[PDB]
């Protein structure tokens, strides 16, 4: 069994174990701030440096994984609280899309909302061009910010949010459990064939974006992960 596991209680910009893309910055409190509040169409992303093998071309096996993280989004004067954070998986050579307009692309897709990735978004603005639901929501994305599925949710400014994600390889099911401020949990699950959508090796990470008038603080506070690929 090939296992990749790690844990971040805090981040240090000088740690090579993580790739910093775009406007991402690391605060003195150890938090990763994904976007630059003072830039138009800002986009920042963070990736665990080591690529993870999610499936074997020899056995045909797909890995299962369990990951938990905590983020925080907070409103800022005088901008519309947008656009949200997305936890994504993508080719190891993934980079912020060329000429990215940020905003509703969440830093992972082109203007049409397409890209090569699988993710769980925590969307705080309704983009009609991507068929977003009317309210804040958590969504399961497969190569598009036009979610395969979404569930109503509520982004509380200044609130620390906990998320737990389980990917069961046999059923190809991706399950998400979000722990809100008011105490309630929000869940969403969807069958996504990682082996059919992503290459053998991939990088896991977070991305957030903003536009001209849409901006807010996007912070990653902690992140634990364990993936196990059966090789027997």
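Residue numbers count along the first chain shown, from 1. We call the rigid core whatever largest set of C-alpha positions still superposes within 1.5 Å between the two forms.
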Is 97-105 or 129-137 the stretch whose C-alphas end up farther from this model in 9 other deposited structures of this protein after a rigid core fit? 97-105
Of 168-176 and 33-41, the stretch whose C-alpha atoms average the higher B-factor in the entry: 33-41
73-81 versus 150-158: which one carries the higher mean Cα B factor per the record? 73-81
By the entry's values, the third containing the CA B factor of residue 46 is the middle
Taking the entry's C-alpha B-factors for this chain, is residue 58 in the lowest, middle or highest third? highest
Residue 181's Cα B-factor: lowest, middle or highest third of the chain? highest
Split into thirds by Cα B-factor across the chain's modelled residues, where does residue 227 land: lowest, middle or highest? middle
The third of the chain into which the C-alpha temperature factor of residue 196 falls is the middle
